[PDB]
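Listed next as structure tokens is one chain, alone, in the form deposited in one PDB entry.
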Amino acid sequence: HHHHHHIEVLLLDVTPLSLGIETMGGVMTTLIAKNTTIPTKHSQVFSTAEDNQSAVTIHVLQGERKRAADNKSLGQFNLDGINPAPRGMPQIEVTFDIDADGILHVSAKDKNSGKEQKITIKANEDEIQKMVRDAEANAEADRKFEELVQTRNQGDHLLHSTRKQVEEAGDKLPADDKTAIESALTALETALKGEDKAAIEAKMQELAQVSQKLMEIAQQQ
């Protein structure tokens, strides 16, 4: 009683360690997780970290730790030529492609300009298990580090965008709100220098709660 539309998985190999890139704050962002079946192709879209940034550096990493510096370095390259735009607007697609020969191809492409750059990384046993074990021993500190960096980066963006809004609003912003917002901005700046995720979240919320008039002001444009 057979049917004839079935699809079969081709199982040739799996990756021994995670593969990814370094991102803002010294974090390893994974593109291909440990144990992914190969051949495979994974991409994710990234952006710039400051206004009018013209280039990014892709640092290719191998390992299970969240701090980039605690992983193995496989290679690096730049993608130049990113057209001037606000932080976070350019769309840079980073693709990790592993072929049947086990060769890793990494590329970064600007989705807007089409500019592309790429590298090829050519295809341990006790070192692998050592690295897996080093990660388990630091799993808690690594999670806390990753969450802190994410929170800091979100807080830095909010700091910068809010200051920009204050400047554009000018005399349209009531003095009481401006005082409240400036105080909240300074408090968030101080929190961002620390290592306490909860304090940064609280200062971000305290800032949003006093900044509601900025959005309304922008709309009268």
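Here the rigid core means the biggest group of C-alpha atoms that line up within 1.5 Å when the two forms are laid on top of each other. Don't overthink the numbering: it's just position in the shown sequence, from 1.
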field: Count class of deposited residues lacking coordinates, residue 123 to residue 124
entry: 4 to 9
Given 192-200 and 27-35, the range whose Cα B-factors average higher in the PDB entry: 192-200
query: Per the entry, where is the mean C-alpha temperature factor higher: 64-72 or 40-48?
result: 64-72
task: Tell me, please, which of 146, 140, 110, 97 has the highest C-alpha B factor according to the deposited entry?
output: 140
statement: Note to self: of 184, 169, 158, 56, the C-alpha temperature factor tops out at 169
query: Comparing residue 2 with the other modelled residues of its chain, is its CA B-factor in the lowest, middle or highest third?
result: highest
statement: Assert third(CA B-factor, residue 117) within chain per record equals lowest
message: What third of the chain does residue 80 rank in for C-alpha temperature factor, lowest, middle or highest?
response: middle
query: Relative to the other modelled residues in the chain, which third contains the C-alpha temperature factor of residue 128: lowest, middle or highest?
result: highest
query: Thinking about Cα B factors across the chain, which third does residue 9 belong to?
result: lowest
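As for the form deposited in another entry, it is not shown, yet the points below apply to it.
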query: Core fitted between the shown form and the other one: which of 69, 45, 55, 175 shows a C-alpha shift of 2 angstroms or more?
result: 175
